[PDB]
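Heads up, the chain below is alone and in the form deposited in one PDB entry; it's given as structure tokens.
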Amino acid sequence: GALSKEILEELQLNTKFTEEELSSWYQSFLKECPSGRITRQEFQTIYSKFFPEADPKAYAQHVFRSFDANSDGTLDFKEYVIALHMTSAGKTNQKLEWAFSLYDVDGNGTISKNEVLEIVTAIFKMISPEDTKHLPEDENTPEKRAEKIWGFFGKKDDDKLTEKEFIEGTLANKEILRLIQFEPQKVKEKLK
């Protein structure tokens, strides 16, 4: 009710649901998760189920962590709905602040070279083996993709990437957007 309103406030035009629809989904959510909280393991199970061609555990863990840099505890319904929107609905360029939170693995406010590699690796595991053969040579392994991203940002190995820079680059350089892309269907689509 007031819960759905908060979801709409945060998603705005990213939403695929009205307030009434969210409330119905919530009532169903509570039948299966009566506390209204979902653990990381439970969240991972959703992705394992719906991406049978992939190895989604790492990806789902990073998505769960995106909100607070914490693997422990739970998501509430709001965070769970937002997470599913981030992975699955809408346009990547409407998700850039969230994408920064995804890439900032340790939550310290900047992205390191290793963090890019970690997230790129997790996303890469969402790609079916069939589909990976059709990636460009210079973008067909996690190391190649992560190093390309780092190079597009003009970064030395020990440099830190700020949110300001990340947003600028992902807006302006469409090659950066393509390489940081985290939605499994989109990576697959622009692949084919």
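The first residue of the shown sequence is 1; numbering continues from there. Only residues modelled in both forms are compared. Throughout, rigid core stands for the largest set of C-alpha atoms superposing within 1.5 Å between the two forms.
The protein also exists as the form deposited in another entry; that form is not presented, and the subsequent description refers to it.
The two forms, fitted on the rigid core, differ between the shown form and the other one by 2 Å or more at the CA of residue 12. The pair residue 11 and residue 35 approaches in the other form: their C-alpha atoms are at least 3 Å nearer to each other than in the form depicted. Whereas the displayed form keeps them at a certain spacing, the CA atoms of residue 12 and residue 20 lie at least 3 angstroms closer in the other form.
Regions that shift between the shown form and the other one, defined as runs of three or more consecutive residues whose CA atoms all move by 2 angstroms or more after core superposition, reduce to a single one, 1-16.
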